[PDB]
$ cat model.cif   # mmCIF, N, CA and C atoms
data_upload
loop_
_atom_site.label_atom_id
_atom_site.label_comp_id
_atom_site.auth_asym_id
_atom_site.auth_seq_id
_atom_site.Cartn_x
_atom_site.Cartn_y
_atom_site.Cartn_z
N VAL A 387 29.34 46.62 0.41
CA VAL A 387 28.33 47.00 1.39
C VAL A 387 27.92 45.76 2.17
N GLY A 388 27.75 45.94 3.48
CA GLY A 388 27.38 44.83 4.33
C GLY A 388 28.38 43.70 4.22
N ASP A 389 27.96 42.62 3.56
CA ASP A 389 28.86 41.55 3.17
C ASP A 389 28.83 41.29 1.67
N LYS A 390 27.86 41.85 0.95
CA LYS A 390 27.72 41.61 -0.47
C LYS A 390 28.61 42.56 -1.26
N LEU A 391 28.66 42.34 -2.57
CA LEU A 391 29.41 43.18 -3.49
C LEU A 391 28.41 43.79 -4.47
N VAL A 392 28.20 45.09 -4.37
CA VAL A 392 27.22 45.79 -5.18
C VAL A 392 27.92 46.90 -5.95
N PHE A 393 27.24 47.40 -6.97
CA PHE A 393 27.71 48.55 -7.73
C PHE A 393 27.44 49.83 -6.96
N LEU A 394 27.87 50.95 -7.54
CA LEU A 394 27.57 52.28 -7.01
C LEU A 394 27.51 53.21 -8.20
N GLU A 395 26.30 53.45 -8.71
CA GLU A 395 26.12 54.12 -9.98
C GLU A 395 25.30 55.39 -9.81
N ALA A 396 25.64 56.41 -10.59
CA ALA A 396 24.88 57.66 -10.67
C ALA A 396 24.92 58.11 -12.12
N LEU A 397 23.79 58.03 -12.81
CA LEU A 397 23.75 58.12 -14.26
C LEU A 397 23.62 59.54 -14.79
N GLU A 398 23.55 60.55 -13.93
CA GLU A 398 23.14 61.88 -14.37
C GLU A 398 24.23 62.67 -15.07
N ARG A 399 25.31 62.04 -15.51
CA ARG A 399 26.31 62.72 -16.32
C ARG A 399 26.49 62.09 -17.69
N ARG A 400 26.46 60.77 -17.78
CA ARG A 400 26.54 60.10 -19.07
C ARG A 400 25.21 60.21 -19.81
N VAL A 401 24.13 59.85 -19.14
CA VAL A 401 22.79 60.06 -19.65
C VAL A 401 22.13 61.15 -18.80
N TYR A 402 21.00 61.66 -19.28
CA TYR A 402 20.14 62.61 -18.57
C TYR A 402 20.71 64.02 -18.54
N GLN A 403 21.93 64.22 -19.01
CA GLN A 403 22.47 65.57 -19.09
C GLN A 403 22.36 66.08 -20.51
N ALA A 404 22.23 67.40 -20.64
CA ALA A 404 22.10 68.12 -21.90
C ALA A 404 20.80 67.80 -22.62
N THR A 405 19.98 66.92 -22.07
CA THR A 405 18.65 66.66 -22.58
C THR A 405 17.62 67.27 -21.63
N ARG A 406 16.41 67.44 -22.14
CA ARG A 406 15.35 68.08 -21.36
C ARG A 406 14.53 67.06 -20.60
N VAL A 407 15.20 66.19 -19.84
CA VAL A 407 14.53 65.15 -19.07
C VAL A 407 14.98 65.28 -17.62
N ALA A 408 14.10 64.89 -16.70
CA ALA A 408 14.38 65.00 -15.28
C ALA A 408 14.84 63.66 -14.73
N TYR A 409 15.95 63.69 -13.99
CA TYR A 409 16.49 62.49 -13.36
C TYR A 409 15.47 61.91 -12.39
N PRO A 410 14.98 60.69 -12.62
CA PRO A 410 13.82 60.19 -11.87
C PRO A 410 14.10 59.85 -10.42
N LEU A 411 15.30 60.11 -9.90
CA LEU A 411 15.58 59.83 -8.50
C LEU A 411 15.32 61.02 -7.59
N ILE A 412 15.09 62.20 -8.16
CA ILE A 412 14.70 63.38 -7.40
C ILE A 412 13.18 63.35 -7.29
N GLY A 413 12.68 62.83 -6.17
CA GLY A 413 11.26 62.62 -5.99
C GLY A 413 10.61 63.65 -5.07
N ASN A 414 9.29 63.57 -5.01
CA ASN A 414 8.48 64.43 -4.17
C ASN A 414 7.85 63.61 -3.06
N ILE A 415 7.72 64.21 -1.88
CA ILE A 415 7.06 63.57 -0.75
C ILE A 415 6.01 64.53 -0.22
N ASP A 416 4.99 63.97 0.42
CA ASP A 416 3.82 64.74 0.85
C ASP A 416 3.59 64.49 2.33
N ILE A 417 3.66 65.56 3.13
CA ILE A 417 3.40 65.50 4.56
C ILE A 417 2.39 66.58 4.91
N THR A 418 1.43 66.24 5.75
CA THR A 418 0.42 67.19 6.19
C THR A 418 0.59 67.49 7.67
N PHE A 419 0.46 68.77 8.02
CA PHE A 419 0.50 69.23 9.39
C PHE A 419 -0.89 69.64 9.84
N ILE A 420 -1.14 69.56 11.14
CA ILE A 420 -2.38 70.08 11.72
C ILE A 420 -2.05 70.89 12.96
N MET A 421 -2.90 71.87 13.25
CA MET A 421 -2.72 72.79 14.35
C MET A 421 -4.05 73.11 15.00
N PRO A 422 -4.20 72.92 16.31
CA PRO A 422 -5.46 73.28 16.98
C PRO A 422 -5.49 74.78 17.24
N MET A 423 -6.52 75.45 16.73
CA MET A 423 -6.65 76.90 16.83
C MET A 423 -7.84 77.27 17.69
N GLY A 424 -7.63 78.22 18.60
CA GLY A 424 -8.72 78.76 19.39
C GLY A 424 -9.15 77.92 20.56
N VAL A 425 -8.56 76.75 20.76
CA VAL A 425 -8.98 75.85 21.83
C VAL A 425 -8.72 76.51 23.17
N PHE A 426 -9.64 76.30 24.11
CA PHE A 426 -9.55 76.82 25.46
C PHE A 426 -9.50 75.67 26.45
N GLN A 427 -8.64 75.78 27.45
CA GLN A 427 -8.54 74.75 28.47
C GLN A 427 -9.79 74.75 29.33
N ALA A 428 -10.39 73.57 29.49
CA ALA A 428 -11.66 73.41 30.19
C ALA A 428 -11.47 73.40 31.70
N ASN A 429 -12.50 72.94 32.42
CA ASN A 429 -12.49 72.97 33.88
C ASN A 429 -11.46 72.01 34.44
N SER A 430 -10.28 72.52 34.80
CA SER A 430 -9.28 71.72 35.50
C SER A 430 -8.25 72.68 36.10
N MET A 431 -7.18 72.11 36.64
CA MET A 431 -6.00 72.86 37.05
C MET A 431 -4.96 72.92 35.93
N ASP A 432 -5.40 73.29 34.73
CA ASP A 432 -4.59 73.15 33.54
C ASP A 432 -4.07 74.47 33.00
N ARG A 433 -4.42 75.59 33.62
CA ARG A 433 -3.98 76.90 33.16
C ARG A 433 -3.03 77.53 34.17
N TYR A 434 -2.16 76.70 34.74
CA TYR A 434 -1.22 77.14 35.76
C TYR A 434 -0.09 77.94 35.12
N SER B 16 19.25 94.89 -35.24
CA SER B 16 20.61 94.97 -35.76
C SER B 16 21.06 93.63 -36.31
N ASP B 17 22.00 92.99 -35.60
CA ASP B 17 22.57 91.71 -35.99
C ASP B 17 23.05 91.73 -37.44
N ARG B 18 23.88 92.73 -37.73
CA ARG B 18 24.59 92.75 -39.01
C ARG B 18 25.62 91.64 -39.07
N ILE B 19 26.22 91.28 -37.93
CA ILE B 19 27.22 90.23 -37.90
C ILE B 19 26.63 88.90 -38.33
N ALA B 20 25.38 88.63 -37.97
CA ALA B 20 24.67 87.46 -38.48
C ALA B 20 24.27 87.80 -39.91
N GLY B 21 25.21 87.57 -40.82
CA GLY B 21 25.05 87.98 -42.20
C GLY B 21 26.36 88.43 -42.81
N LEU B 22 27.39 88.57 -41.97
CA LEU B 22 28.73 88.79 -42.49
C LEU B 22 29.22 87.54 -43.22
N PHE B 23 29.31 86.43 -42.49
CA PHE B 23 29.58 85.12 -43.06
C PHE B 23 28.41 84.22 -42.72
N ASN B 24 28.06 83.33 -43.65
CA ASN B 24 26.87 82.52 -43.49
C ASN B 24 26.98 81.66 -42.24
N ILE B 25 25.95 81.72 -41.39
CA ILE B 25 26.06 81.14 -40.05
C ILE B 25 26.38 79.65 -40.07
N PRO B 26 25.58 78.78 -40.69
CA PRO B 26 25.89 77.35 -40.61
C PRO B 26 26.96 76.89 -41.59
N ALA B 27 27.62 77.81 -42.29
CA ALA B 27 28.54 77.43 -43.37
C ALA B 27 29.73 76.72 -42.76
N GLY B 28 29.73 75.39 -42.88
CA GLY B 28 30.75 74.57 -42.27
C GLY B 28 32.05 74.59 -43.03
N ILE B 29 33.09 75.16 -42.42
CA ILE B 29 34.40 75.19 -43.07
C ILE B 29 35.27 74.04 -42.58
N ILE B 30 35.60 74.03 -41.29
CA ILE B 30 36.27 72.92 -40.61
C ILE B 30 36.26 73.23 -39.12
N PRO B 31 35.87 72.31 -38.26
CA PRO B 31 35.98 72.57 -36.82
C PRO B 31 37.41 72.85 -36.40
N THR B 32 37.67 74.09 -35.98
CA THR B 32 38.98 74.44 -35.47
C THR B 32 39.23 73.76 -34.12
N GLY B 33 38.20 73.71 -33.28
CA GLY B 33 38.28 72.99 -32.02
C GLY B 33 36.98 72.26 -31.76
N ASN B 34 36.87 71.72 -30.56
CA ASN B 34 35.67 71.04 -30.10
C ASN B 34 35.25 71.64 -28.76
N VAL B 35 33.98 72.03 -28.65
CA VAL B 35 33.56 72.81 -27.49
C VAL B 35 33.55 72.01 -26.20
N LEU B 36 33.70 70.69 -26.28
CA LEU B 36 34.13 69.86 -25.16
C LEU B 36 33.16 69.88 -23.98
N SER B 37 32.00 70.53 -24.11
CA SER B 37 31.12 70.75 -22.97
C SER B 37 29.86 69.90 -23.02
N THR B 38 29.06 70.02 -24.09
CA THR B 38 27.78 69.32 -24.21
C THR B 38 26.89 69.63 -23.00
N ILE B 39 26.50 70.90 -22.93
CA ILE B 39 25.58 71.39 -21.91
C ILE B 39 24.32 71.91 -22.59
N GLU B 40 23.35 72.30 -21.77
CA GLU B 40 22.11 72.88 -22.27
C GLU B 40 22.33 74.36 -22.52
N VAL B 41 22.43 74.75 -23.79
CA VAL B 41 22.81 76.12 -24.15
C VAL B 41 21.61 77.04 -24.25
N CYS B 42 20.39 76.51 -24.19
CA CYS B 42 19.21 77.37 -24.15
C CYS B 42 19.22 78.29 -22.94
N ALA B 43 19.95 77.93 -21.89
CA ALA B 43 19.98 78.74 -20.68
C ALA B 43 20.78 80.02 -20.88
N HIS B 44 22.07 79.89 -21.20
CA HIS B 44 22.95 81.04 -21.36
C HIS B 44 22.79 81.65 -22.76
N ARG B 45 21.57 82.09 -23.05
CA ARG B 45 21.29 82.68 -24.36
C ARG B 45 21.98 84.02 -24.55
N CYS B 46 22.43 84.67 -23.47
CA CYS B 46 22.86 86.05 -23.55
C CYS B 46 24.36 86.24 -23.66
N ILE B 47 25.17 85.23 -23.32
CA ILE B 47 26.59 85.41 -23.58
C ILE B 47 26.85 84.93 -25.00
N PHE B 48 26.39 85.72 -25.97
CA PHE B 48 26.39 85.44 -27.40
C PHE B 48 25.84 86.68 -28.08
N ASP B 49 26.40 87.01 -29.24
CA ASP B 49 25.87 88.14 -29.99
C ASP B 49 24.81 87.73 -31.00
#

$ encode --input "model.cif" --output "structure tokens"
Amino acid sequence: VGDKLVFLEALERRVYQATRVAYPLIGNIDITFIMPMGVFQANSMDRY
Amino acid sequence: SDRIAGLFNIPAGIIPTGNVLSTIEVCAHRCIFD
């Protein structure tokens, strides 16, 4: 990779299989959405 | 029922004829078994 020499490992077959443990690389992310509801366009030329 | 579980003693180790070669989580497929 790049110019260096690195490994390429995925452990979920030798370890973490057939046991009741979760592979710690499957993570959760949290994103919040917002939505303006009921807003009305005020005094302008904005409802064309 | 399960008369078959009682024909021959379940854990009675005679000799492994083969090796199941899988090593998976068998709690899932509980139903393909008598």

$ residues_around --input "model.cif" --residues "region 38-43 of chain B" --least-positions-apart "6" --cutoff "6.5 Å" --atoms "only N, CA and C atoms" --output "PyMOL selection string"
chain A and resi 403-405

$ atom_distance --input "model.cif" --atom1 "CA of residue 398 (chain A)" --atom2 "CA of residue 416 (chain A)"
24.8 Å

$ atom_distance --input "model.cif" --atom1 "atom N of residue 388 (chain A)" --atom2 "atom C of residue 413 (chain A)"
26.1 Å

$ residues_around --input "model.cif" --residues "residue 397 (chain A)" --least-positions-apart "6" --cutoff "12 Å" --atoms "only C-alpha atoms" --output "count of residues only"
5

$ atom_distance --input "model.cif" --atom1 "CA of residue 420 (chain A)" --atom2 "CA of residue 434 (chain A)"
25.1 Å

$ build_atoms --input "model.cif" --residues "region 25-43 of chain B" --atoms "N, CA, C and O atoms" --output "PDB file, in the frame of the given file"
ATOM      1  N   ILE B  25      25.950  81.720 -41.390  1.00  0.00           N
ATOM      2  CA  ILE B  25      26.060  81.140 -40.050  1.00  0.00           C
ATOM      3  C   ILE B  25      26.380  79.650 -40.070  1.00  0.00           C
ATOM      4  O   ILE B  25      27.406  79.259 -39.493  1.00  0.00           O
ATOM      5  N   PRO B  26      25.580  78.780 -40.690  1.00  0.00           N
ATOM      6  CA  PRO B  26      25.890  77.350 -40.610  1.00  0.00           C
ATOM      7  C   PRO B  26      26.960  76.890 -41.590  1.00  0.00           C
ATOM      8  O   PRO B  26      27.182  75.682 -41.695  1.00  0.00           O
ATOM      9  N   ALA B  27      27.620  77.810 -42.290  1.00  0.00           N
ATOM     10  CA  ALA B  27      28.540  77.430 -43.370  1.00  0.00           C
ATOM     11  C   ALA B  27      29.730  76.720 -42.760  1.00  0.00           C
ATOM     12  O   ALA B  27      30.639  77.342 -42.215  1.00  0.00           O
ATOM     13  N   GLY B  28      29.730  75.390 -42.880  1.00  0.00           N
ATOM     14  CA  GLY B  28      30.750  74.570 -42.270  1.00  0.00           C
ATOM     15  C   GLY B  28      32.050  74.590 -43.030  1.00  0.00           C
ATOM     16  O   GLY B  28      32.127  74.103 -44.157  1.00  0.00           O
ATOM     17  N   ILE B  29      33.090  75.160 -42.420  1.00  0.00           N
ATOM     18  CA  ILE B  29      34.400  75.190 -43.070  1.00  0.00           C
ATOM     19  C   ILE B  29      35.270  74.040 -42.580  1.00  0.00           C
ATOM     20  O   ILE B  29      35.635  73.149 -43.355  1.00  0.00           O
ATOM     21  N   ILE B  30      35.600  74.030 -41.290  1.00  0.00           N
ATOM     22  CA  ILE B  30      36.270  72.920 -40.610  1.00  0.00           C
ATOM     23  C   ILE B  30      36.260  73.230 -39.120  1.00  0.00           C
ATOM     24  O   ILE B  30      36.613  74.357 -38.731  1.00  0.00           O
ATOM     25  N   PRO B  31      35.870  72.310 -38.260  1.00  0.00           N
ATOM     26  CA  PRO B  31      35.980  72.570 -36.820  1.00  0.00           C
ATOM     27  C   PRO B  31      37.410  72.850 -36.400  1.00  0.00           C
ATOM     28  O   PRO B  31      38.267  71.969 -36.440  1.00  0.00           O
ATOM     29  N   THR B  32      37.670  74.090 -35.980  1.00  0.00           N
ATOM     30  CA  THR B  32      38.980  74.440 -35.470  1.00  0.00           C
ATOM     31  C   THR B  32      39.230  73.760 -34.120  1.00  0.00           C
ATOM     32  O   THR B  32      40.333  73.272 -33.853  1.00  0.00           O
ATOM     33  N   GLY B  33      38.200  73.710 -33.280  1.00  0.00           N
ATOM     34  CA  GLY B  33      38.280  72.990 -32.020  1.00  0.00           C
ATOM     35  C   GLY B  33      36.980  72.260 -31.760  1.00  0.00           C
ATOM     36  O   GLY B  33      36.106  72.183 -32.626  1.00  0.00           O
ATOM     37  N   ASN B  34      36.870  71.720 -30.560  1.00  0.00           N
ATOM     38  CA  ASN B  34      35.670  71.040 -30.100  1.00  0.00           C
ATOM     39  C   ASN B  34      35.250  71.640 -28.760  1.00  0.00           C
ATOM     40  O   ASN B  34      36.067  71.740 -27.846  1.00  0.00           O
ATOM     41  N   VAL B  35      33.980  72.030 -28.650  1.00  0.00           N
ATOM     42  CA  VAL B  35      33.560  72.810 -27.490  1.00  0.00           C
ATOM     43  C   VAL B  35      33.550  72.010 -26.200  1.00  0.00           C
ATOM     44  O   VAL B  35      33.385  72.591 -25.124  1.00  0.00           O
ATOM     45  N   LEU B  36      33.700  70.690 -26.280  1.00  0.00           N
ATOM     46  CA  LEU B  36      34.130  69.860 -25.160  1.00  0.00           C
ATOM     47  C   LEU B  36      33.160  69.880 -23.980  1.00  0.00           C
ATOM     48  O   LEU B  36      33.446  69.271 -22.943  1.00  0.00           O
ATOM     49  N   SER B  37      32.000  70.530 -24.110  1.00  0.00           N
ATOM     50  CA  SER B  37      31.120  70.750 -22.970  1.00  0.00           C
ATOM     51  C   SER B  37      29.860  69.900 -23.020  1.00  0.00           C
ATOM     52  O   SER B  37      29.609  69.115 -22.106  1.00  0.00           O
ATOM     53  N   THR B  38      29.060  70.020 -24.090  1.00  0.00           N
ATOM     54  CA  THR B  38      27.780  69.320 -24.210  1.00  0.00           C
ATOM     55  C   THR B  38      26.890  69.630 -23.000  1.00  0.00           C
ATOM     56  O   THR B  38      26.605  68.790 -22.150  1.00  0.00           O
ATOM     57  N   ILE B  39      26.500  70.900 -22.930  1.00  0.00           N
ATOM     58  CA  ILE B  39      25.580  71.390 -21.910  1.00  0.00           C
ATOM     59  C   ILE B  39      24.320  71.910 -22.590  1.00  0.00           C
ATOM     60  O   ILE B  39      24.223  71.952 -23.814  1.00  0.00           O
ATOM     61  N   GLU B  40      23.350  72.300 -21.770  1.00  0.00           N
ATOM     62  CA  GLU B  40      22.110  72.880 -22.270  1.00  0.00           C
ATOM     63  C   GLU B  40      22.330  74.360 -22.520  1.00  0.00           C
ATOM     64  O   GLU B  40      22.400  75.150 -21.571  1.00  0.00           O
ATOM     65  N   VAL B  41      22.430  74.750 -23.790  1.00  0.00           N
ATOM     66  CA  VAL B  41      22.810  76.120 -24.150  1.00  0.00           C
ATOM     67  C   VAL B  41      21.610  77.040 -24.250  1.00  0.00           C
ATOM     68  O   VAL B  41      21.784  78.260 -24.379  1.00  0.00           O
ATOM     69  N   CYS B  42      20.390  76.510 -24.190  1.00  0.00           N
ATOM     70  CA  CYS B  42      19.210  77.370 -24.150  1.00  0.00           C
ATOM     71  C   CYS B  42      19.220  78.290 -22.940  1.00  0.00           C
ATOM     72  O   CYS B  42      18.573  79.341 -22.973  1.00  0.00           O
ATOM     73  N   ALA B  43      19.950  77.930 -21.890  1.00  0.00           N
ATOM     74  CA  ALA B  43      19.980  78.740 -20.680  1.00  0.00           C
ATOM     75  C   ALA B  43      20.780  80.020 -20.880  1.00  0.00           C
ATOM     76  O   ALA B  43      20.255  81.127 -20.755  1.00  0.00           O
TER      77      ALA B  43
END
